[PDB]
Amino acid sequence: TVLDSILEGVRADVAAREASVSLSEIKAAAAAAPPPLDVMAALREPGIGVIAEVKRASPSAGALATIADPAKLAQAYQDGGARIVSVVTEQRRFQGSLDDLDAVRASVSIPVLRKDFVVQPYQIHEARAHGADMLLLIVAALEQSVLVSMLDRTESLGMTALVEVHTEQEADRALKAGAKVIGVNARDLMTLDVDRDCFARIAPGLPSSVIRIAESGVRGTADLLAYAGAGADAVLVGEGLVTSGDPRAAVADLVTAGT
């Protein structure tokens, strides 16, 4: 129910933003934004893609990094060979913001994933207006009807949905919703326990055409390689990178893992 408390805060925060920037305005801004980058093409490039994340804090970790300059962090990520930059935009528990998404979008050429708790259409157009190419949808957070709607709207704007699951049953739901990219989060968003075997148990079940992403818990090359050996097409890493004194070198180490 960490997840439930997060969603309560998110719904209130979204409503307050919408009161200042209307749904019509954000839809217009999204329509006017330059088209999203082809995330699927990025994910199909050779090698295990590293999705490097901008995250200042989390429920499980508390404060991780000040990240006064998220653009400069993202530039390091791209310099290190990251495939995609993930930007956490949730304010109350992760100390992120849409400002971070703008800063990162303006600083890198690689695709940008908005990492937040998407529960209503407003957030989807908002992500697009602020330059997101990829958008997280969390199966644990969304009733199937809502998941399918959110996925449809995401794709309608040309963005790719990263549909996040923690169980086989959630993976089955993701497939039925039309997921083309499925992320397995090793962290249980309810209880905050990290189980890195999740990906290995779930990944084999997926149609080969679905892109598989392993999220969370990567401390170094060994963890990345373990995910790759279980079939990950990409791996998403936050804590180990944001706490680095040399994010460029840390990313490059992961990017070149197994060489």
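Just count from 1 along the sequence shown to find any residue number. Under this definition, the rigid core comprises the largest set of C-alpha atoms superposing within 1.5 Å between the forms.
After superposing on the rigid core, the larger RMS C-alpha deviation in 5 other deposited structures of this protein belongs to 90-98, the other candidate being whichever of 151-159 and 90-98 remains. Between 180-188 and 137-145, the larger root mean square Cα shift in 5 other deposited structures of this protein, once each structure is superposed on the rigid core, falls on 180-188. Omission of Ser58 is seen in a third or more of the other entries compared for this protein where the adjacent residues are built. Mean C-alpha B-factor is higher over 178-186 than over the other stretch, the pair under comparison being 178-186 and 78-86.
Comparing the deposited coordinates for 99-107 and 143-151, the stretch with the larger average C-alpha B-factor is 143-151.
Across the options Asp69, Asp223, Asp195, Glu215, the residue with the most elevated CA B-factor in the record is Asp195. Remark: of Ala228, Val54, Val50, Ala32, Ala32 shows the highest value [criterion: C-alpha B-factor in the PDB entry].
Ranked by Cα temperature factor within the chain, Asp116 sits in the middle third according to the deposited record. Sorting the modelled residues of the chain by their CA temperature factor places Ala19 in the highest third. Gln169: CA B factor in the highest third of modelled residues in this chain (values from the PDB entry). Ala257: CA B factor in the highest third of modelled residues in this chain (values from the PDB entry).
In this PDB entry, the Cα temperature factor of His125 sits in the bottom third of its chain's modelled residues, the lowest group.
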